Amino acid sequence: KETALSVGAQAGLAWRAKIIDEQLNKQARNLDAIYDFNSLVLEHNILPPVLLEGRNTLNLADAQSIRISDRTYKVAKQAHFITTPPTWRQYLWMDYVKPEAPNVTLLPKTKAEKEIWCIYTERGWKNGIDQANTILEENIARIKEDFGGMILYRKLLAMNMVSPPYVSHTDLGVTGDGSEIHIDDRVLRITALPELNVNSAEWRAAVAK
Amino acid sequence: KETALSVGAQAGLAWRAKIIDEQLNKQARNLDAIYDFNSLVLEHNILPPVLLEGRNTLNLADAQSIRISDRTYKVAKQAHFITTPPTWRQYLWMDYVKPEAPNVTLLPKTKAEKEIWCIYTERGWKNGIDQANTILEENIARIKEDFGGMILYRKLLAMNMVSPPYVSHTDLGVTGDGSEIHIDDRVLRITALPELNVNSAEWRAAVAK
Amino acid sequence: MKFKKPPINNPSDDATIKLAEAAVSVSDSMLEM
Amino acid sequence: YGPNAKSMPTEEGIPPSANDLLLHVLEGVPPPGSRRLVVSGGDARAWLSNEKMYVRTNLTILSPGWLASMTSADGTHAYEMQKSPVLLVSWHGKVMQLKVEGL
Amino acid sequence: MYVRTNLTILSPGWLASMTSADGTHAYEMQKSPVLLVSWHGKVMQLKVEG
Amino acid sequence: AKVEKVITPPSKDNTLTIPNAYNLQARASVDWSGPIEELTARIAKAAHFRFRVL
Amino acid sequence: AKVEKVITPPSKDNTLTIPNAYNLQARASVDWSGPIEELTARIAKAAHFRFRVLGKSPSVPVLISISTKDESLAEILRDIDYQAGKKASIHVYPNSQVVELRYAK
Amino acid sequence: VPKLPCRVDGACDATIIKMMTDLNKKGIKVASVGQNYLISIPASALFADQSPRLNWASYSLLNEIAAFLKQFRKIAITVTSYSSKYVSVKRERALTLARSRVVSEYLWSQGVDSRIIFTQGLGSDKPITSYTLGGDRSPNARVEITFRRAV
Amino acid sequence: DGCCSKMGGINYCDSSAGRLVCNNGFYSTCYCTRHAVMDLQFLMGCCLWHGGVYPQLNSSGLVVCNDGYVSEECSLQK
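Just so you know, the sequences run in chain order A, H, U, Y, F, S, E, R and P.
Last residue of the first sequence: 262 in the working numbering, with the numbers rising by one and none dropped.
Last residue of the second sequence: 262 in the working numbering, with the numbers rising by one and none dropped.
Last residue of the third sequence: 869 in the working numbering, with the numbers rising by one and none dropped.
Last residue of the fourth sequence: 234 in the working numbering, with the numbers rising by one and none dropped.
Last residue of the fifth sequence: 252 in the working numbering, with the numbers rising by one and none dropped.
Last residue of the sixth sequence: 1274 in the working numbering, with the numbers rising by one and none dropped.
Last residue of the seventh sequence: 1470 in the working numbering, with the numbers rising by one and none dropped.
Last residue of the eighth sequence: 261 in the working numbering, with the numbers rising by one and none dropped.
Last residue of the ninth sequence: 1372 in the working numbering, with the numbers rising by one and none dropped.
Laid out in structure tokens, this is it:
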């Protein structure tokens, strides 16, 4: 009967994963339409870093110890190079291997055994559906956080809060021994990671109309 | 059943090898017609060296570190003398030993076993055909690579990027003791292998009309 | 009105096909040199 | 530098150029000691030598990100990449997926 | 040109870099009349005569 | 978009370097997600114009 | 992208325009990846023009790479100018049929 | 390999041949040469008298030609329209352009397997018949749709 | 099942395009080489968009992909 519960969990999870994968495939153009990292790739093919923010922070350390702040910011992932832009399929695709091996050990002989077998399979079906939904929600939250981080980086870049990444390049002529040759050795190097400015008087505000 | 797979693989591999050897024989004039190694020898009966090129080179060595160049050239096989020019027969010929002893100890007993035995032998036959085609494709890629390397050496030598080989020959007249005599002795050796130059000033270009 | 196309021949072979594929590249490279 | 020295100074040099096996890869000769990978879905060949994929095609790779790439005289592309079973390509503005068995 | 300091250059890019545990840096470069060095969040321009 | 538009004033438009002439009033619809070169070659073939790369 | 893009007016464009003399109207299939001086001199000699220079080549000369099959030599010089950019200038005089290579300092 | 499809999905060469025969006996031109294909449609079965409006029974024929186009893999398809000299040159140029635009929009809205659609309307500048005696019944007023089948 | 149905039949498998050749000069709807243009939009397997499965086997079925990422959906549960 516990075996019936477990195979109900596995079969329901597999079925829901297949349905949610094809449903994700149904709207494929809109996903890469909205999650265009290629618009946000910087000029030296470097992924912009990730920033997180918070508002109205209060902490009670212990008795008689209260520390509050208005807003805060935190660098999550440092900027680095990327050969290719990322995509949503690195975040949202579900694994699917349907298991089809229920061993013939206990099979319901009484009608009561058949009915409790049915309801145990049904409970496993519900549980697998719930697990698949939670996994999907987790992935959606992750990709939402990263996209918000990149757009926040561009936001406070416009607000003049981050130093933009300064990168040099050394250019050489041909090189190699008498046997092997190169043409134009150009080596690129970022010597200045982006970071927040703390001299707040240089901050630039905004207005609307 | 594994025996059926193995004998299907062996039989298909041998049969396809025999067929492809017959068809390779059927176009005998055209092979060494298009692969004229004999025209490609230099004037001292010396095989030219082999060169390789590469365009639009980039590499991310690690994070925050990229190096690019336009082209690279690499010596593949060094120049050396040859007694005879090579041909295609040491590059493209298939080794064919016909099997004659299919050991059949496992045997199907009923119709289902006989039928699955048939389809497993068919699968092995298909896999053997694919393996034979794979071997042929690798061989033709290898010989095309070597031929392109020699014609690339002639290209860059016409481009004045490499140095031609320099060869000395010392001649002696009557030699040998009172019991054995050689009437002459011309002994030659290449004093310098061909290699690229790094000085850019000696570089010629070409135009078409 | 059963449709067709002009060029039909005896059936070909993949080894001959890829031999042609190598051959045309050899031909154009040596032509340019 | 004494035998009880706290630290040797940390070095920094020129990063390396590329890998020379890719020339053989784009020529079609598999590198020595490598084994073949069965690819099905498009037009590419692949080998495994040093826990890194080596592929040859005319297509353009998207998904896993490649470590280094090389371009032929006629535009044939060769890729050295971290290992993965799945590839995403763009053919003529249409995207497609490729799978590799036998990893 | 070889330049020894405790700072980090920005403009030309080094050809070989060395550093110590206590913060001394040395850079080898092609000759350039101007340099860019960032220090503690502010970026300054330097003139060198050669 | 609102905040970056209001912090940086616009200056130019690409219609200065991109004029319009005849046999350009054709219409098209597309779904392309690749490199630019085949797309530009096809649009030049539609335009019956010379194609140049730099 | 519209409000962030930066362009130039065509009146202030620093590019080589087409000289359209009659000797420049041929086809050529050229692949090259190297220095500049012999390339432009040999182009001028194929065009039957004289050729001269002013300025000086630096310690590392400017490296260029061009591959094409069927395109005019005037367009070759146009792409040479576009590859060179700022340190190098190229002039064509069709009155006295010469080409001029100008360095920067 | 069992997961590998043996054929391109939703395709049958017998159905292609059969609907090609049905079109050719219906009286609309199908042309095959190389891997390129051209379909020619008279305007009288499509629009009103020199008018950019759609007859309501023509949706059946448009669905049929969409069903035929659903059987290939292609990149770019070009449609074009031609007419007769009526009042101006500009009038029928704009008329042919609008007709091609409308039929292009409907065939895009039908789920054709394609990447690029090109619209062309020329009018009465490139006729294919010197015998221009009929009006909109004359076959020189027409619409063609052409493409090349890649692989 | 008949690839060149309502036609003459099969002539040869052109391996350049991976397609059969009908007796009439038209490419059939069938496939004849696995190196042909497959419009694959759906797959099988687990630990995808990662390094695949780890080569090791556990006492449990806890499968962690070769990127170092755990795959609970591919693994067993309780």
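C-beta: ideal position from N, C-alpha, C; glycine also.
- Sequence-distant Cβ neighbours of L1259 of chain S in its own chain, meaning closer than 6 Å and more than five residues away, are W1252.
- Between the beta-carbon of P1375 of chain E and that of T1235 of chain S there is about 12 Å, and that puts the pair past the 8 Å contact cut.
- At the C-beta level, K838 of chain U and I193 of chain H stay beyond 9 Å of one another.
- Per DSSP, the unbroken beta strand (DSSP E) holding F1416 of chain E starts and ends at 1415-1419.
- The criterion of a C-beta distance shorter than 9 Å is not satisfied by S191 of chain R and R1247 of chain S.
- At a cut-off of 4 residues, the continuous stretches assigned as alpha helix (DSSP H) that sit fully inside the stretch 116-152 of chain A are 142-145.
- Put simply, the backbone Cα of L189 of chain A is about 7 Å away from that of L145 of chain A.
- With respect to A62 of chain A, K151 of chain A sits apart: the two C-beta atoms are not nearer than 9 Å.
- Counting along the chain, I1429 of chain E sits inside the beta strand (DSSP E) bounded by residues 1429-1436.
- DSSP lists Y:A209 as the beta-bridge partner residues of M201 of chain Y.
- The count of Cβ pairs closer than 8 Å, one atom from the stretch 171-183 of chain A and one from the stretch 85-98 of chain A, stays below three, leaving the stretches out of contact.
- At a cut-off of 9 Å between beta-carbon atoms, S1424 of chain E makes no contact with chain H.
- If only uninterrupted beta strand (DSSP E) runs of at least 3 residues are considered, those enclosed by the stretch 202-235 of chain A are 219-224.
- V251 of chain A is bridged by DSSP to nothing; it lacks a bridge partner.
- The secondary-structure analysis by DSSP pairs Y192 of chain R across a beta bridge with R:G233, R:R252.
- The secondary-structure analysis by DSSP pairs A1453 of chain E across a beta bridge with E:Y1468.
- Look at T1327 of chain P: its C-beta is not under 9 Å from any C-beta on chain R.
- Closest in alpha carbon position to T256 of chain R, among R:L243, R:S240, R:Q230, R:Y241, is R:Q230.
- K214 of chain Y places its beta carbon less than 9 Å from that of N1360 of chain P.
- The C-beta distance from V220 of chain Y to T191 of chain Y rounds to 6 Å, short enough to meet the 8 Å contact threshold.
- Counting C-beta atoms within 10 angstroms of its own C-beta, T141 of chain Y has fewer than 16 neighbours from the protein chains shown and is therefore classed as exposed.
- Note: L238 of chain F is bridge-paired with F:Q247 in the DSSP secondary-structure output.
- Distance between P217 of chain A and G144 of chain R, taken at the CA atoms: about 56 Å.
- Bridge pairing for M184 of chain Y: Y:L179, Y:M212 [DSSP].
- Under a 10 Å Cβ-count criterion, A858 of chain U is classified as buried, with 16 or more other Cβ atoms of the shown protein chains found around its own Cβ.
- Distances from the alpha-carbon of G164 of chain Y to those of Y:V170, Y:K183, Y:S171, Y:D174 put Y:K183 closest.
- In the DSSP assignment, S1398 of chain E forms a beta bridge with E:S1430.
- Rounded to whole angstroms, the Cβ separation of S168 of chain R and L156 of chain R is 6 Å, and the two are in contact under 8 Å.
- At least one C-beta of chain Y is nearer than 9 Å to the C-beta of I119 of chain H.
- Contact between the stretch 103-112 of chain H and the stretch 145-165 of chain Y is established, with three or more Cβ pairs separated by less than 8 Å.
- In the same chain as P102 of chain A, and ignoring 5 residues on each side of it, the C-beta atoms closer than 7 Å to its own belong to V128, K130, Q131, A132, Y206, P247, in chain order.
- Per DSSP, the continuous beta strand (DSSP E) segment holding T244 of chain H begins and ends at 238-245.
- At least one C-beta of chain A is nearer than 9 Å to the C-beta of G1399 of chain E.
- The beta carbons of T852 of chain U and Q76 of chain H sit about 7 Å from each other, so the pair counts as a contact at 8 Å.
- Shown here, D199 of chain H sits in a helix according to DSSP, grouped into three states.
- Within the stretch 214-236 of chain F, those residues whose Cβ lies closer than 7 Å to any Cβ of chain Y are, in chain order, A218, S219, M220, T221, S222, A223.
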